[PDB]
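Asker:
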Amino acid sequence: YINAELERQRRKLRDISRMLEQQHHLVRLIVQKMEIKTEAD
Amino acid sequence: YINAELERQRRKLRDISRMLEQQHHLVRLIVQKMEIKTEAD
Amino acid sequence: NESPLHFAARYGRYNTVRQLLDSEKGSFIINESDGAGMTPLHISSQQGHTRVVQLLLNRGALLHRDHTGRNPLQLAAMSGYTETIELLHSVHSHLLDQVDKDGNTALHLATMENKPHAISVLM
Numbered sequence: 035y036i037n038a039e040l041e042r043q044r045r046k047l048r049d050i051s052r053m054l055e056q057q058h059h060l061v062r063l064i065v066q067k068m069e070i071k072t073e074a075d
Numbered sequence: 035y036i037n038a039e040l041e042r043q044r045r046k047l048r049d050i051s052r053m054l055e056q057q058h059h060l061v062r063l064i065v066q067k068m069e070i071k072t073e074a075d
Numbered sequence: 359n360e361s362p363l364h365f366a367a368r369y370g371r372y373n374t375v376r377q378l379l380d381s382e383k384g385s386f387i388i389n390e391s392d393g394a395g396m397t398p399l400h401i402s403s404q405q406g407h408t409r410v411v412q413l414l415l416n417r418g419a420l421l422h423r424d425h426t427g428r429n430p431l432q433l434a435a436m437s438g439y440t441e442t443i444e445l446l447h448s449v450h451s452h453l454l455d456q457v458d459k460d461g462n463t464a465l466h467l468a469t470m471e472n473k474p475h476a477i478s479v480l481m
């Protein structure tokens with residue numbers, strides 16, 4: 035039961051890590067193409 | 035095997051925490067330099 | 359909703375802060391509290407915006423205290439922003455050793471919320 039729940043949390047941390055890398059690509063895309071006029075230095 | 039899988043999940047939670055702090059810097063940058071015209075109070 | 363200066367001070371938003379303090383209203387709006395009691399100097403440093411809190415000090419903001427009795431040093435210490443308490447200490451060196459309504463200092467508030475990197479700078 036310990037070896038069948040540690041194996042279950044390993045598949046859950048792999049889904050969190052893949053969702054977070056797909057989202058980090060989009061957030062990093064927004065700042066490349068965001069319009070900055072009023073708050074420009 | 036328990037000590038070699040708890041050690042593996044410690045390195046995985048460190049990668050999730052570092053990816054999430056690099057992304058929290060960018061999301062917080064967007065609201066500093068986002069253009070707000072129509073939905074301005 | 360909230361004031362246009364309380365919105366701009368907590369979300370970075372530097373050129374809007376400098377423009378609102380340039381207007382004719384921008385003399386008594388700089389020291390105005392909200393329902394929680396925080397001035398724009400409190401919310402800018404709670405959120406850790408270190409070059410917006412500097413412009414509020416070049417324009418001479420007053421060091422009031424909120425309903426819990428906390429100065430801008432203690433709010434930034436609860437959130438663990440190290441670069442903004444090294445700036446507030448360089449211009450006001452008497453806010454370090456102060457207390458609140460419950461008697462807690464900045465070292466008390468940084469340990470209630472597990473901020474280890476601030477404790478090495480508070481001490």
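Residue numbers (this note's numbering), protein chains in the order written: chain A, 35 to 75; chain B, 35 to 75; chain C, 359 to 481.
Quick reminder that beta carbons are idealized off the backbone N, C-alpha and C, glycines included.
Considering only the alpha carbon of each residue, which of C:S437, C:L421, C:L379 lies closest to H452 (chain C)?
Answerer: Here the closest residue by C-alpha is C:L421.
Asker: In chain order, what residues of the same chain lie with their CB nearer than 7 Å to the CB of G427 (chain C), ignoring the 5 residues before and after it?
Answerer: Within the same chain, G427 (chain C) has close Cβ partners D458, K459.
Asker: Let me check understanding here. Comparing Cα to Cα, which of C:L480, C:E471, C:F365 lies closest to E444 (chain C)?
Answerer: If we check each option's Cα against that of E444 (chain C), C:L480 comes out closest.
Asker: Classify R409 (chain C) as helix, strand or coil using the three-state DSSP reduction.
Answerer: It is coil, neither helix nor strand.
Asker: Tell me the DSSP secondary structure of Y372 (chain C) in three-state form.
Answerer: Looking at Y372 (chain C) - three-state DSSP - the assignment turns out to be helix.
Asker: Between the C-alpha atoms of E55 (chain A) and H447 (chain C), what's the straight-line distance to the nearest angstrom?
Answerer: Roughly 39 Å between the two C-alpha positions.
Asker: Taking Cβ-Cβ distances shorter than 9 Å, what residues in chain A pair up with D75 (chain B)?
Answerer: Here the premise fails: no neighbours, minimum Cβ distance about 15 Å.
Asker: Smallest Cα separation from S391 (chain C): which of C:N462, C:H475, C:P362?
Answerer: Closest by alpha carbon: C:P362.
Asker: Chain B beta carbons: is any one of them nearer than 8 Å to that of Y369 (chain C)?
Answerer: So yes, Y369 (chain C) belongs to the interface.
Asker: Using a Cβ-Cβ distance cut-off of 8 Å, determine whether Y439 (chain C) contacts chain A.
Answerer: For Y439 (chain C), the answer is no, since every Cβ of chain A falls outside 8 Å of its Cβ.
Asker: For the alpha helix (DSSP H) holding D380 (chain C), just list the boundary residues, first then last.
Answerer: First-last for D380 (chain C): undefined, no H or E at that position.
Asker: Going by C-alpha to C-alpha distance, which of C:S381, C:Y369, C:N389, C:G393 sits closest to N359 (chain C)?
Answerer: Here the closest residue by C-alpha is C:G393.
Asker: For the alpha helix (DSSP H) containing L63 (chain A), list its first residue and its last residue.
Answerer: First-last of the alpha helix (DSSP H) with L63 (chain A): 40-67.
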